[PDB]
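Presented as structure tokens, the chain that follows is alone, the form deposited in one PDB entry.
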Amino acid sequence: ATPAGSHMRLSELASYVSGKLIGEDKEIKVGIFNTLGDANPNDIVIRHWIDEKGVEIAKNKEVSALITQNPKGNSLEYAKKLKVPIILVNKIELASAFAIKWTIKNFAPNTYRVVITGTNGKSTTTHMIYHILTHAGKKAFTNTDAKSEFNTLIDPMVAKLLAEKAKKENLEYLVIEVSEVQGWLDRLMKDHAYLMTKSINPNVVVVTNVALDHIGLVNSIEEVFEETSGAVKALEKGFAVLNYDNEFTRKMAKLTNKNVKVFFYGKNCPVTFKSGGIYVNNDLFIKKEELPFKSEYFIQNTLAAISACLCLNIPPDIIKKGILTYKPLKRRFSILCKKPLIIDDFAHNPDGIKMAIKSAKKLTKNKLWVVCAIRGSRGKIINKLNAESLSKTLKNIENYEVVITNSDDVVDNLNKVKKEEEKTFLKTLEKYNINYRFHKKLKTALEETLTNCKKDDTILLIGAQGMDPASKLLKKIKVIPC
């Protein structure tokens, strides 16, 4: 049960989120689900831990109820004395899921809804779909922008941001990115994608792909498939928009409920890419030079976004206007320079690395330089898998040079390369007979590459946090703005 209205009983709220009420029961007025730092009077705050200071601030802000997993110190007795209701839960994700359900019901019930998930591409696809809709003058909400990606049930950010926009606009579309494989510290939050998708009750679920990543949370691509498939099992109506070219997203068609139509995109599909262009129902839709200097992933995400919008009955001409005006997210195959061609891509797992190298080689006239930052403090296995992907993708390619770096000079302590991580990465390159140069510092790797390259070469920069600072370093050494 999900109530309608601006009042609840504290014991009812506790029941809705699977918690126990600490304090005296009472009818409360409710504002929105919020963070403690932004809370307005009568808001409900979900925060997986609290302490006595948080209780005092909640009292000062007239928060209606605090929902938490871990009341530190004397928080419980203090809150009882202050009459700050505490609802104690064991899994905060259920409270955050209820907050989404309740916020949709009370603030944006008359909406078409898309959930987008997948290992790579889900933020870009979400961003593209959102852009197509708002560029068309539709009122829409999304949980991802150029600066943030609030795609979990760990906190109430989705419910809060949705409520804040729904109070100002008559929303027609919700475009929600859902984390398919989500960690709580070092532990996989099993069924997260199912729970979060079910909380949204979407009309369309988009699954971009299934790929190895988040090693430690998962070990096998089968596990990624199982967790990601939760979003498709959650779908009770409408359309499953599935990548036909990925074998595991293809497998998800068998998992759809009876009243769900599968909509495949990819090779030999109604929405497809071929002969340098994107085709819809065999009509040339987006042309080659309307997609300049673009990645394979950029194309596949566009196919996904087209397919999602077609399932929402957006007219093709409006879809096209959106695509041609789309502004991509940071370090998504970003063209930093044209002479030499410098490409800055956040590739960070085997599929993304292979995609980035092949797409860069497609655009390369003479020599291809690949500058790659090891993925610090993410474990030996992911760095071994990544070096393996880099090596297998390049071994057939002619006229390349590999430059590996630890980026010791720019990463923070949570992203430092460990000795065992550098070792497995470099030893894998050698195993595949890939010649390479290595530099502890990103800055030296960039300076040496730009010095030795020719104006006809291509420089591809790949890496997550280890390569994030590269563009500002490139301006400092006066390579950019070229």
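For clarity, a rigid core is taken as the largest C-alpha set superposing within 1.5 Å between two forms. Note that residue numbering begins at 1 and tracks the sequence as displayed.
The discussion below concerns the form deposited in another entry, not included here.
K.L.:
Fix the rigid core, compare C-alpha positions between this form and the one not shown, and report which of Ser275, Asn110, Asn313, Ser220 shifts by 2 Å or more.
P.N.:
After core superposition, the single residue displaced by 2 Å or more is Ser220.
K.L.:
Answer yes if the CA of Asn40 moves 2 Å or more between this form and the one not shown after aligning the rigid core, and no otherwise.
P.N.:
Comparing forms between this form and the one not shown, the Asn40 CA shifts below 2 Å.
K.L.:
Look at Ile381 and decide if its Cα position differs by 2 Å or more between this form and the one not shown after superposing on the rigid core.
P.N.:
Yes, the C-alpha position differs by at least 2 Å between this form and the one not shown.
K.L.:
Does superposing the core leave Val417 with a CA shift of 2 Å or more between this form and the one not shown?
P.N.:
Yes, shifts by 2 Å or more.
K.L.:
Say whether the C-alpha atoms of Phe239 and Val218 sit closer together or farther apart in the other form than in the form shown here, given that their separation changes by 3 Å or more.
P.N.:
Compared with the shown chain, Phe239-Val218 is farther in the other form.
K.L.:
Since the Cα separation of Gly216 and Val232 moves by 3 Å or more in the other form, tell me which way: closer or farther than here.
P.N.:
Relative to the shown form, the pair is closer.
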